Amino acid sequence: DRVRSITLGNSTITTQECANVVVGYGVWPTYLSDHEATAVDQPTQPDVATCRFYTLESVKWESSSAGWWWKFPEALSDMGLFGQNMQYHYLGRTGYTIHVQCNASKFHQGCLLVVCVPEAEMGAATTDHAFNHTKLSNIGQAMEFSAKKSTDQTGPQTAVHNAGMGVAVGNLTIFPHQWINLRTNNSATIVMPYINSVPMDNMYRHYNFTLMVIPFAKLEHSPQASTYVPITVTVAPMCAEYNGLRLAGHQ
Amino acid sequence: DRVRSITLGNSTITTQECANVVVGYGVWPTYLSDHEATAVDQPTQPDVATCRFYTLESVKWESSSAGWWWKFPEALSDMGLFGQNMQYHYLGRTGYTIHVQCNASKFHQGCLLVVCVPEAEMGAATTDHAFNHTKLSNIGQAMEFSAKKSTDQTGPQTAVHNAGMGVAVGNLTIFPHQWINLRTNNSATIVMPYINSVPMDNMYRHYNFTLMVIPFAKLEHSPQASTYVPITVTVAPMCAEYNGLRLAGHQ
Amino acid sequence: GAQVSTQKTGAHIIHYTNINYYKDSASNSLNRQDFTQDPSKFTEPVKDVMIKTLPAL
Amino acid sequence: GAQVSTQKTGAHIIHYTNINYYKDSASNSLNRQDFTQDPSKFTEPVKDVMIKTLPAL
Amino acid sequence: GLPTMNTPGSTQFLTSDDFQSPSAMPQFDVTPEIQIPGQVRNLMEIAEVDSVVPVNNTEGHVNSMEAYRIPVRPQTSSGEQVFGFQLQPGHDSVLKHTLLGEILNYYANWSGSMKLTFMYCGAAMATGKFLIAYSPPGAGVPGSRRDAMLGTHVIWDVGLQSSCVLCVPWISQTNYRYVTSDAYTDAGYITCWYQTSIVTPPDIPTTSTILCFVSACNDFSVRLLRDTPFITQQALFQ
Amino acid sequence: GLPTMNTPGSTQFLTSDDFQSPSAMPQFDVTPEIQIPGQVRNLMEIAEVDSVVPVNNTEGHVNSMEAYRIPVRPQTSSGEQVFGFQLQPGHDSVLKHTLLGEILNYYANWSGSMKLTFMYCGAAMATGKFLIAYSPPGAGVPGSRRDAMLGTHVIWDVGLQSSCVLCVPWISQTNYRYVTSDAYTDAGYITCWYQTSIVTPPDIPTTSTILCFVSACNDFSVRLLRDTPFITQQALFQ
Amino acid sequence: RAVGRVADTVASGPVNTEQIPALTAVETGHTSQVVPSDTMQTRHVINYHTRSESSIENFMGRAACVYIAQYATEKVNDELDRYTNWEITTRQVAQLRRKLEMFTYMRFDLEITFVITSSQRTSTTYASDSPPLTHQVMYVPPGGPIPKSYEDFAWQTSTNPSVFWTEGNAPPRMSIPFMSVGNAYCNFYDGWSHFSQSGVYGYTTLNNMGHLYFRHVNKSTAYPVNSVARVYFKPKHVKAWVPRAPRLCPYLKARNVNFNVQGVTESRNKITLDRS
Amino acid sequence: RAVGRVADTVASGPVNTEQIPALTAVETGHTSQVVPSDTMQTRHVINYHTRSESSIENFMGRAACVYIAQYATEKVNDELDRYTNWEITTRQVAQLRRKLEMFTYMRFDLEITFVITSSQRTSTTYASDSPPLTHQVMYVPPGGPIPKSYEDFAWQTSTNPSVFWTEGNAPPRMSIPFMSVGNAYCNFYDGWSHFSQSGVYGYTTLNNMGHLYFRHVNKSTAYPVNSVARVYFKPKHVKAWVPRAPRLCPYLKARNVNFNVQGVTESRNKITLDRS
Ligand SMILES: CCCCCCCCCCCCC/C=C/[C@H](O)[C@H](N)CO
Ligand SMILES: CCCCCCCCCCCCC/C=C/[C@H](O)[C@H](N)CO
């Protein structure tokens, strides 16, 4: 059906035109097992003060919009006690419930790919040059692609058809994805598990996955309709646990 | 015995001096099995509108006649609904009942080899030169050998003792054959199965077998007997099926 | 300690013998004959099941 | 997985052993000792049977 | 010792061998593997996933997102063509950089049926019918919608379900076609035509968008590994 | 390791070896074989098929169909010779390009009985008798029909059955004769003679035609593979 | 009686019968099954002969040279380049071609063996001291990236099958499975490549087996050295169908069956024999 | 049915149903499982094809050249020194790099094979007589004492693994187990080396595999000889996770994923086909 209700903590998401839920690689998020742990100290698990919904700022969708990306867990670095637990701990581990939402009308048209790319390591715009970390991702700001190539001396290559990774943008549909087609679809929800080659990791020096939102069919409508449609991203951590309590970081 | 009656569709062949029937390589024609098919769509099998007898034009047998050849399934390209099914389909598959008939008298003498050669790939008359397809076989015309060599700039090598294939003409008796000796034999019937290295094939870009009719002992008689003896070829497809319906070909 | 296994043959004297010579499993040959697969992690990773004949929405 | 077979000897200690070493059947040796045959596809491929002693016509 | 004899092929390096060899790190304790999600045991799990096809790749459109956007609009008369390409999933320019096309260029032979999915990305108030046809390669290209209605085809009614699947069947005389194309193993043509039109209410843009996706069916198989003719280098990357 | 020792013959290429060797395409999926008619498991199935003999090969007749046409006619006196050739089925010019003769030139030894079939291709109103004789090689060639009636022979009565078979028996002191001829393994002579005549009614042509066919019997065998002295090349075919 | 052993002949006496085994009809397409016991008096012979050498595996299972590839350690022209190639075919040599063309369709696995030999090119001096030469024979499947030069990236052979061989050792050898996209290798194809009956006539359109690239992996020599690599095909696990007539005429080209017209056999002066 | 064998198609007839297998929704993230039996009439085909060549072990298990190491018996400079080294990586060659980067995390054992070849350097004379050359390929784990020169004490290899090889014999080969300090080899790392999000961005911080030092263990030659050692990696016992999109753009560097912007595919002139 098209209705779905997601409740995590003291927060609820309701949707009246839901496509489905994409669950990761078929895996639900869970806590780390005893036969897979490496650290020996007892973890902390704030179950409802951290595994709740945190909404980000909306982005204005235009006809000439190329797309936006968010890098995680650095996108939620200041979102409540999820951000306070990142500062005080060396290791962390979590899965997510990403919920992207955009309604327009029955008189608008457009389509957005919503991919979750694990280890979306981006190249440089100006080559033979290392880039700054604040150009890759600010703390909650939506970093955005471009229609043509970037000549930034210290930034990523934001041409959208190469997706910043040197690949074809059409081949991103192996990563866990949905589509927001404005003809039929209102939102898009992806449940990501923890994907890493280590059981826990540091949540500052490593972007575990990157959420991209890309217009494949661009937004067009009559000039007498609503010219402003926003795209809001609401992300909930899931089964978040932490290790290595020390002073507040993060250098 | 010498009598035989072959009925296929709405057509009947009667013969009062039959030698025998040669059946292929000991195999009767049949439809393709499920464990040998490659194409997945349902075949069409017009059982009586295609697997009937189609007679060709007679050829005049003379004393100085070297022989004639017909290439199949291109010899029946316009013969009823067998020709209409070749145009509308990509693949086809069939076995044949070839019936060659020639009566003279008890006062004539001659002998004809009637071979069915699978993949009778012919060389060029003028070498270092590719030949035209209408010199290999027209649509129902009997292409004929020569007593001496051919100097055609775009034709096959039609010297009959080399049989167009660079081999000895005497060694063609490993291919399925009969003889029409006018002393004893009236007709000659060969049943060919489907011989190919693929289960179905295209019936335009490939001549599956070639029927040759070669005078080994030449026709001679008294001048006061009948100076005209013809050689008629009547061919029936058997278990013909088709695949790959599209528009009418054949380019 | 000989492992007799089935050789790779076609479809319409078919066995080989293997002895392991070294004390480390990284010294072994390739596992050529393991053709297991399950593509539902990628092609149909949705929460509710989607039957083909039924409408998707 | 040793196949002991009969060696090619004459007519008037006669066996060999074979171990297959590779995982592909195309890696095997030749099938030298297979002498089966049936020449009736070519020498007598007629529909009605023709007994020698009886007249052919 | 044991009397031995050396066959041809001794002291060679065949790069596709399978032999044992001694360890440089003896009794090395390898770290334990864990459950990482998304394990791949076959490249046919990757090729059976949809990947959007750049049908609109007439340059300059390949250097933007315009390459994926097949345009449709309301028509003045019906039966015109929307798009068309040859069914060469490893050689045609439309399909050889898709996710199914990139795996096939590591191989020399391919076999099986394919799935072309289409997605209407217009407004919810706009209706339409389309005919998507596959032609076996014998007669040539279809010249009209009358020529295309004679082969394998599907009529797609644009409604609440935005997507339709044209299943391209394996209709071949061989069990394998070649990835790099030739005339012996030609596979045919894919075309799309206006079955009716696009009919819209007022205050709606004219041009809409159709997205084409390719994937492999469950009878798809590849054969004869090779190097791909897509990556090159003139020197070692330093 | 295991203590070994290398015998003579190590690191050689004997072209008629039988050894295992590793695969360049590992785990290659070979396409399934189907039932194709006419499978050959032995070259003795090919050699047991009739093939018409060019007995009339006196040039210029080899460049036409006149090479196969043994001529007969009504005679003035009886007992004359029709044809004759030496029984060297791999060396004689009459029999070495026949279908039995071409297989034997791949081999150095042959053994077994042979079948010479004859076929009268005259008019149905013409009658005739013939004596076809085989002579063991000790005394020389037969000089007359009296000399030929002393060996293995058959009298053929031309009637409703147009064909007769002279069976040439294996009468040898060795179990194998040589394909390329020598004097130790000579096999003898085949001759044909008029037993009576050709008697015809009026209004019939004089000269008729006899066709000779050769094939091997079911006790025929070959031995010692070799290269055939029939195909040559001075350079690689480009 | 064992499989492959010829038949015994039985003892036959005199006859006076209405049976006629000698009289038959060639017009029926039937080869007569006459034994010497039917037309003359014979004795009982226990024949122990076998048809071992005449099997399709034994007739074909001997290695034959199929190509002679030449390449040097210094380029003269692009025929004596640093590297060379060969489109894989069985039609350039005449001995193996005539043996394969006795059948219409075959299906076999292969053994490829290389006999690589070098020789010092003619110069004004030869007195040098060179390390042993090592060669590479890379197979490129149909449609892969081919070496456009020496020092190419395509010789990295990450997915193509390669072999390496130093001079002095045993000849290199690998096994090849059955590689056709059909169900048999076609020795003959009576047809065209395009549907309009045009393009290429013959078996050339059914032979897409790829190339075989040769080089010296040594960078240089003091004085130039010419190498020759002979390619040896031995077919094994052989099936064959539809036996062809043997070829009379020699070959002219490798992609055609084109010939010059020749007589059916060699001649003699008369049709009889004339001694006593 | 065996494991790895493709599915048969079933015989389907005409339909007039309320079922709609052709109509679906791409917006759900779901790839439709449509068979040709659902949209047209098919026959029953017994498919015997197998997915053998497409396995991760078969796709990866072929040896690919990963480095070309050069060193001489007489120093020209420190690039043509007596000895050389190589930091072990898979990113300098493009064929193996594109195959590994189809996955995010892998876990395999290795086979390293060396094809070492020498050549006499260009001189005014070459006429000498030298004994066969012997080479050493010493592996140095991360943090060990490296050779600072020829004649070094660090070539005593008392605890480092070494191999010795005389020219003329078979190529040397050893096996390497899985060597990462994590649970998989990371082909990609989206992050930094320092906690302040600075330093080195990318997969370079997760590649500490050590060096591989090459030399001639012969002391001298009469005239100088240049050697080249090619390093061949074949991964075995391969696991792989999280399949990546294939790379469109060629590589520029070995420590980055930096690229130049290119179009998504090659072009054509129009979107239709225009013949009959
Ligand atoms: C450096 C390693 C070299 C590996 C060699 C691999 C080359 C072999 C692959 C192709 C095998 C083709 C076999 C040829 C068969 C004939 O063409 C058929 N009789 C005619 O169709
Ligand atoms: C002279 C004896 C030489 C012994 C050679 C030992 C060297 C091998 C030890 C390190 C093996 C590293 C394997 C490399 C894996 C790749 O880097 C991963 N795919 C990327 O993380």
# chains A, B, ... in the order shown; residues from 1 in each chain; ligands from 1

$ residues_near_ligand --ligand "ligand 2" --cutoff "7 Å" --atoms "only C-alpha atoms and all ligand atoms" --output "list in words"
residues 24 of chain E; 88, 89, 90, 100, 106, 110, 112, 136, 137, 138, 139, 161, 162, 163, 174, 176, 179, 185, 186, 187, 206, 207, 209, 210 and 212 of chain H

$ select_by_dssp --residues "chain D" --states "helix (DSSP H, G or I)" --output "JSON, numbers by chain"
{"D": [25, 26, 27, 39, 40, 41]}

$ write_last_selection --atoms "N, CA and C atoms" --output "PDB file, in the first residue's frame"
ATOM      1  N   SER D  25      37.698 -31.121 -17.953  1.00  0.00           N
ATOM      2  CA  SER D  25      37.747 -32.341 -18.747  1.00  0.00           C
ATOM      3  C   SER D  25      38.426 -32.136 -20.091  1.00  0.00           C
ATOM      4  N   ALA D  26      38.548 -30.892 -20.556  1.00  0.00           N
ATOM      5  CA  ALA D  26      39.318 -30.607 -21.758  1.00  0.00           C
ATOM      6  C   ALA D  26      40.814 -30.734 -21.536  1.00  0.00           C
ATOM      7  N   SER D  27      41.256 -30.805 -20.285  1.00  0.00           N
ATOM      8  CA  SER D  27      42.650 -31.028 -19.941  1.00  0.00           C
ATOM      9  C   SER D  27      43.053 -32.488 -20.009  1.00  0.00           C
ATOM     10  N   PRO D  39      28.457 -48.691 -39.634  1.00  0.00           N
ATOM     11  CA  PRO D  39      28.500 -48.091 -40.969  1.00  0.00           C
ATOM     12  C   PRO D  39      27.191 -48.131 -41.739  1.00  0.00           C
ATOM     13  N   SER D  40      26.066 -48.470 -41.115  1.00  0.00           N
ATOM     14  CA  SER D  40      24.814 -48.557 -41.854  1.00  0.00           C
ATOM     15  C   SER D  40      24.171 -47.202 -42.119  1.00  0.00           C
ATOM     16  N   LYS D  41      24.730 -46.108 -41.601  1.00  0.00           N
ATOM     17  CA  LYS D  41      24.236 -44.795 -41.995  1.00  0.00           C
ATOM     18  C   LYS D  41      24.607 -44.467 -43.431  1.00  0.00           C
TER      19      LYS D  41
END

$ interface_residues --of "chain C" --to "chain H" --cutoff "8 Å" --atoms "only C-alpha atoms" --output "list in words"
residues 11, 26, 27, 29, 30, 31, 32, 33, 34, 35, 36, 37, 43, 44, 45, 46, 52, 53, 54, 55, 56 and 57 of chain C

$ residues_around --residues "residue 204 of chain B" --least-positions-apart "4" --cutoff "10 Å" --atoms "only C-alpha atoms" --output "PyMOL selection string"
(chain B and resi 72-74+77+86-87+90-92+208+249-251) or (chain E and resi 138) or (chain G and resi 191-192+194-197)

$ write_last_selection --atoms "N, CA, C and O atoms" --output "compact mmCIF listing (two decimals), in the first residue's frame"
# COMPACT_ATOMS: atom_id res chain seq x y z
N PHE B 72 19.06 -25.29 -51.86
CA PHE B 72 17.89 -25.26 -51.00
C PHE B 72 18.22 -24.62 -49.66
O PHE B 72 19.37 -24.68 -49.22
N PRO B 73 17.23 -24.00 -48.97
CA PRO B 73 15.81 -23.79 -49.24
C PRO B 73 15.53 -22.65 -50.21
O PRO B 73 14.38 -22.31 -50.43
N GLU B 74 16.58 -22.09 -50.80
CA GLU B 74 16.43 -20.99 -51.74
C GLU B 74 15.80 -21.42 -53.06
O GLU B 74 15.40 -20.55 -53.83
N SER B 77 11.84 -20.54 -52.76
CA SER B 77 11.64 -19.24 -52.11
C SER B 77 10.30 -18.62 -52.45
O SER B 77 9.86 -17.70 -51.74
N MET B 86 9.15 -18.04 -45.08
CA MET B 86 10.56 -17.68 -45.05
C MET B 86 10.74 -16.18 -44.93
O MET B 86 11.70 -15.73 -44.29
N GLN B 87 9.84 -15.40 -45.51
CA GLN B 87 10.00 -13.95 -45.53
C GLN B 87 9.68 -13.33 -44.18
O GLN B 87 10.27 -12.31 -43.82
N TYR B 90 12.71 -15.11 -38.89
CA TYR B 90 14.17 -15.07 -38.82
C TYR B 90 14.77 -16.47 -38.92
O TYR B 90 15.75 -16.67 -39.64
N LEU B 91 14.20 -17.44 -38.22
CA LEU B 91 14.71 -18.80 -38.21
C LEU B 91 13.73 -19.76 -38.87
O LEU B 91 12.52 -19.53 -38.89
N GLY B 92 14.27 -20.86 -39.41
CA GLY B 92 13.47 -21.93 -39.95
C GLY B 92 14.23 -23.23 -39.91
O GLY B 92 15.46 -23.24 -39.77
N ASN B 208 21.43 -24.82 -47.21
CA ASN B 208 21.68 -25.94 -46.31
C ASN B 208 22.17 -27.17 -47.06
O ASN B 208 23.10 -27.85 -46.59
N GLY B 249 10.94 -9.94 -45.15
CA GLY B 249 12.35 -9.70 -45.39
C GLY B 249 12.67 -9.22 -46.78
O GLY B 249 11.85 -8.57 -47.44
N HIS B 250 13.88 -9.53 -47.25
CA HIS B 250 14.83 -10.42 -46.60
C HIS B 250 16.23 -9.86 -46.63
O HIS B 250 17.18 -10.57 -46.93
N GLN B 251 16.37 -8.57 -46.34
CA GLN B 251 17.66 -7.91 -46.41
C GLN B 251 18.37 -7.88 -45.07
O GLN B 251 19.50 -7.41 -44.96
N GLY E 138 16.26 -10.39 -39.42
CA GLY E 138 16.27 -10.84 -40.80
C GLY E 138 15.89 -9.85 -41.89
O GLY E 138 16.51 -9.83 -42.95
N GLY G 191 27.05 -20.33 -47.66
CA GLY G 191 26.21 -19.18 -47.47
C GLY G 191 27.01 -17.91 -47.36
O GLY G 191 28.22 -17.89 -47.59
N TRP G 192 26.32 -16.85 -46.97
CA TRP G 192 26.84 -15.50 -46.91
C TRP G 192 26.75 -14.97 -45.49
O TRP G 192 26.16 -15.59 -44.61
N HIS G 194 25.70 -11.57 -44.86
CA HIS G 194 24.58 -10.66 -44.81
C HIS G 194 23.32 -11.34 -45.33
O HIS G 194 23.38 -12.27 -46.13
N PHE G 195 22.17 -10.87 -44.85
CA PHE G 195 20.90 -11.50 -45.18
C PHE G 195 20.48 -11.27 -46.63
O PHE G 195 19.67 -12.03 -47.15
N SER G 196 21.05 -10.27 -47.29
CA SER G 196 20.75 -9.96 -48.69
C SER G 196 21.55 -10.81 -49.67
O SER G 196 21.58 -10.47 -50.86
N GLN G 197 22.20 -11.87 -49.18
CA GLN G 197 23.08 -12.76 -49.94
C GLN G 197 24.22 -11.97 -50.59
O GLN G 197 24.38 -11.94 -51.80

$ interface_residues --of "chain B" --to "chain D" --cutoff "9 Å" --atoms "only C-alpha atoms" --output "number ranges by chain"
B: 1-2, 18-27, 174-176

$ write_last_selection --atoms "C-alpha atoms" --output "short mmCIF file (atom, residue, chain, number, x, y, z; two decimals), in the first residue's frame"
data_model
loop_
_atom_site.label_atom_id
_atom_site.label_comp_id
_atom_site.auth_asym_id
_atom_site.auth_seq_id
_atom_site.Cartn_x
_atom_site.Cartn_y
_atom_site.Cartn_z
CA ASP B 1 8.83 -53.73 -55.05
CA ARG B 2 8.81 -51.14 -57.82
CA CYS B 18 10.77 -47.21 -58.08
CA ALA B 19 14.22 -48.37 -57.01
CA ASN B 20 13.79 -47.73 -53.26
CA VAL B 21 13.74 -44.74 -50.91
CA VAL B 22 17.04 -43.47 -49.56
CA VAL B 23 16.44 -41.99 -46.11
CA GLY B 24 19.19 -39.46 -45.36
CA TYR B 25 21.72 -40.77 -42.88
CA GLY B 26 19.16 -43.22 -41.54
CA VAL B 27 17.19 -40.40 -39.89
CA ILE B 174 28.97 -40.84 -49.63
CA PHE B 175 26.34 -38.13 -49.68
CA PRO B 176 22.75 -39.50 -49.79
#

$ atom_distance --atom1 "atom CA of residue 47 of chain H" --atom2 "atom CA of residue 165 of chain E"
22.9 Å

$ select_by_dssp --residues "segment 77-123 of chain F" --states "strand (DSSP E or B)" --output "PyMOL selection string"
chain F and resi 81-86+107-111+114-120

$ write_last_selection --atoms "N, CA, C and O atoms" --output "mmCIF file, in the first residue's frame"
data_model
loop_
_atom_site.group_PDB
_atom_site.id
_atom_site.type_symbol
_atom_site.label_atom_id
_atom_site.label_comp_id
_atom_site.auth_asym_id
_atom_site.auth_seq_id
_atom_site.Cartn_x
_atom_site.Cartn_y
_atom_site.Cartn_z
ATOM 1 N N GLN F 81 38.932 -58.517 -74.676
ATOM 2 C CA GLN F 81 39.051 -57.885 -73.373
ATOM 3 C C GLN F 81 38.302 -56.563 -73.347
ATOM 4 O O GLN F 81 38.305 -55.813 -74.325
ATOM 5 N N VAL F 82 37.664 -56.282 -72.217
ATOM 6 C CA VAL F 82 36.966 -55.022 -72.016
ATOM 7 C C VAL F 82 37.910 -54.036 -71.343
ATOM 8 O O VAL F 82 38.180 -52.957 -71.876
ATOM 9 N N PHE F 83 38.426 -54.399 -70.173
ATOM 10 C CA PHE F 83 39.381 -53.556 -69.473
ATOM 11 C C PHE F 83 40.281 -54.428 -68.611
ATOM 12 O O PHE F 83 40.100 -55.643 -68.514
ATOM 13 N N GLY F 84 41.241 -53.787 -67.958
ATOM 14 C CA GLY F 84 42.143 -54.466 -67.056
ATOM 15 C C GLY F 84 43.043 -53.517 -66.296
ATOM 16 O O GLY F 84 43.545 -52.548 -66.866
ATOM 17 N N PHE F 85 43.259 -53.775 -65.010
ATOM 18 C CA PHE F 85 44.150 -52.945 -64.215
ATOM 19 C C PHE F 85 44.729 -53.771 -63.079
ATOM 20 O O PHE F 85 44.165 -54.788 -62.674
ATOM 21 N N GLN F 86 45.868 -53.320 -62.569
ATOM 22 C CA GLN F 86 46.480 -53.966 -61.423
ATOM 23 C C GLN F 86 45.723 -53.635 -60.145
ATOM 24 O O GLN F 86 45.221 -52.528 -59.960
ATOM 25 N N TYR F 107 47.619 -44.193 -44.918
ATOM 26 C CA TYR F 107 48.152 -45.337 -44.205
ATOM 27 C C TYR F 107 49.215 -46.021 -45.050
ATOM 28 O O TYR F 107 49.338 -45.787 -46.250
ATOM 29 N N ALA F 108 50.000 -46.879 -44.402
ATOM 30 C CA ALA F 108 51.053 -47.606 -45.087
ATOM 31 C C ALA F 108 50.738 -49.075 -45.299
ATOM 32 O O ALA F 108 51.375 -49.705 -46.143
ATOM 33 N N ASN F 109 49.780 -49.631 -44.568
ATOM 34 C CA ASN F 109 49.427 -51.036 -44.684
ATOM 35 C C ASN F 109 47.924 -51.182 -44.833
ATOM 36 O O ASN F 109 47.157 -50.464 -44.191
ATOM 37 N N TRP F 110 47.506 -52.124 -45.675
ATOM 38 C CA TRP F 110 46.095 -52.430 -45.843
ATOM 39 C C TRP F 110 45.913 -53.940 -45.883
ATOM 40 O O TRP F 110 46.833 -54.692 -46.201
ATOM 41 N N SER F 111 44.700 -54.372 -45.559
ATOM 42 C CA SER F 111 44.382 -55.782 -45.427
ATOM 43 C C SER F 111 42.884 -55.950 -45.591
ATOM 44 O O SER F 111 42.122 -55.118 -45.114
ATOM 45 N N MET F 114 37.907 -56.898 -51.056
ATOM 46 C CA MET F 114 37.313 -55.736 -51.694
ATOM 47 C C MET F 114 36.167 -56.173 -52.591
ATOM 48 O O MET F 114 36.063 -57.336 -52.980
ATOM 49 N N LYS F 115 35.301 -55.220 -52.916
ATOM 50 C CA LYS F 115 34.122 -55.462 -53.734
ATOM 51 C C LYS F 115 34.182 -54.573 -54.962
ATOM 52 O O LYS F 115 34.148 -53.347 -54.845
ATOM 53 N N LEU F 116 34.258 -55.185 -56.132
ATOM 54 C CA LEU F 116 34.141 -54.469 -57.392
ATOM 55 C C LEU F 116 32.731 -54.687 -57.921
ATOM 56 O O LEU F 116 32.366 -55.803 -58.290
ATOM 57 N N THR F 117 31.943 -53.625 -57.953
ATOM 58 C CA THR F 117 30.595 -53.673 -58.485
ATOM 59 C C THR F 117 30.609 -53.080 -59.886
ATOM 60 O O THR F 117 31.341 -52.129 -60.156
ATOM 61 N N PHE F 118 29.822 -53.661 -60.780
ATOM 62 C CA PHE F 118 29.736 -53.221 -62.161
ATOM 63 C C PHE F 118 28.283 -52.914 -62.473
ATOM 64 O O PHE F 118 27.382 -53.506 -61.892
ATOM 65 N N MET F 119 28.054 -51.971 -63.376
ATOM 66 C CA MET F 119 26.714 -51.449 -63.620
ATOM 67 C C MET F 119 26.565 -51.215 -65.111
ATOM 68 O O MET F 119 27.242 -50.348 -65.665
ATOM 69 N N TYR F 120 25.683 -51.968 -65.758
ATOM 70 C CA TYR F 120 25.466 -51.825 -67.190
ATOM 71 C C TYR F 120 24.468 -50.709 -67.459
ATOM 72 O O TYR F 120 23.304 -50.798 -67.061
#

$ interface_residues --of "chain E" --to "chain F" --cutoff "9 Å" --atoms "only C-alpha atoms" --output "list in words"
residues 1, 2, 3, 4, 5, 6, 7, 8, 9, 10, 14, 15, 16, 17, 18, 175, 176, 223, 224 and 225 of chain E

$ write_last_selection --atoms "N, CA and C atoms" --output "short mmCIF file (atom, residue, chain, number, x, y, z; two decimals), in the first residue's frame"
data_model
loop_
_atom_site.label_atom_id
_atom_site.label_comp_id
_atom_site.auth_asym_id
_atom_site.auth_seq_id
_atom_site.Cartn_x
_atom_site.Cartn_y
_atom_site.Cartn_z
N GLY E 1 66.31 -41.83 -7.58
CA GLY E 1 64.99 -41.47 -7.11
C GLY E 1 63.90 -42.15 -7.90
N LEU E 2 62.68 -41.65 -7.78
CA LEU E 2 61.57 -42.11 -8.60
C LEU E 2 61.85 -41.70 -10.04
N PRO E 3 61.86 -42.63 -10.99
CA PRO E 3 62.18 -42.26 -12.38
C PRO E 3 61.05 -41.45 -13.00
N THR E 4 61.37 -40.24 -13.44
CA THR E 4 60.39 -39.32 -13.99
C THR E 4 60.79 -38.90 -15.40
N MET E 5 59.87 -38.21 -16.06
CA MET E 5 60.06 -37.70 -17.41
C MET E 5 59.22 -36.44 -17.54
N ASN E 6 59.76 -35.44 -18.23
CA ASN E 6 59.13 -34.13 -18.30
C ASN E 6 58.36 -33.98 -19.61
N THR E 7 57.08 -33.64 -19.50
CA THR E 7 56.22 -33.45 -20.64
C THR E 7 56.44 -32.06 -21.23
N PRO E 8 55.93 -31.79 -22.43
CA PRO E 8 55.88 -30.40 -22.91
C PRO E 8 55.03 -29.52 -22.01
N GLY E 9 55.48 -28.28 -21.83
CA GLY E 9 54.84 -27.36 -20.92
C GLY E 9 55.52 -27.20 -19.58
N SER E 10 56.63 -27.89 -19.34
CA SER E 10 57.37 -27.70 -18.10
C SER E 10 58.09 -26.36 -18.11
N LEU E 14 51.80 -20.02 -17.59
CA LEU E 14 50.47 -19.80 -18.14
C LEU E 14 49.67 -19.03 -17.10
N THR E 15 49.24 -17.81 -17.45
CA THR E 15 48.67 -16.90 -16.45
C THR E 15 47.30 -17.34 -15.95
N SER E 16 46.65 -18.30 -16.59
CA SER E 16 45.39 -18.86 -16.11
C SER E 16 45.59 -20.28 -15.61
N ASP E 17 46.69 -20.51 -14.89
CA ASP E 17 46.98 -21.81 -14.31
C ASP E 17 46.21 -21.98 -13.00
N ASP E 18 46.38 -23.15 -12.39
CA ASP E 18 45.82 -23.43 -11.06
C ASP E 18 46.73 -24.46 -10.39
N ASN E 175 23.68 -20.75 -29.55
CA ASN E 175 23.46 -20.68 -28.12
C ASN E 175 24.12 -19.46 -27.50
N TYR E 176 24.97 -18.77 -28.25
CA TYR E 176 25.70 -17.62 -27.77
C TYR E 176 25.82 -16.62 -28.90
N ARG E 223 30.43 -15.81 -21.15
CA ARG E 223 31.42 -16.83 -21.46
C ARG E 223 32.65 -16.17 -22.08
N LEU E 224 33.80 -16.85 -21.94
CA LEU E 224 35.08 -16.51 -22.55
C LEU E 224 35.61 -15.14 -22.11
N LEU E 225 36.12 -15.06 -20.87
CA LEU E 225 36.77 -13.87 -20.31
C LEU E 225 37.80 -13.25 -21.25
#
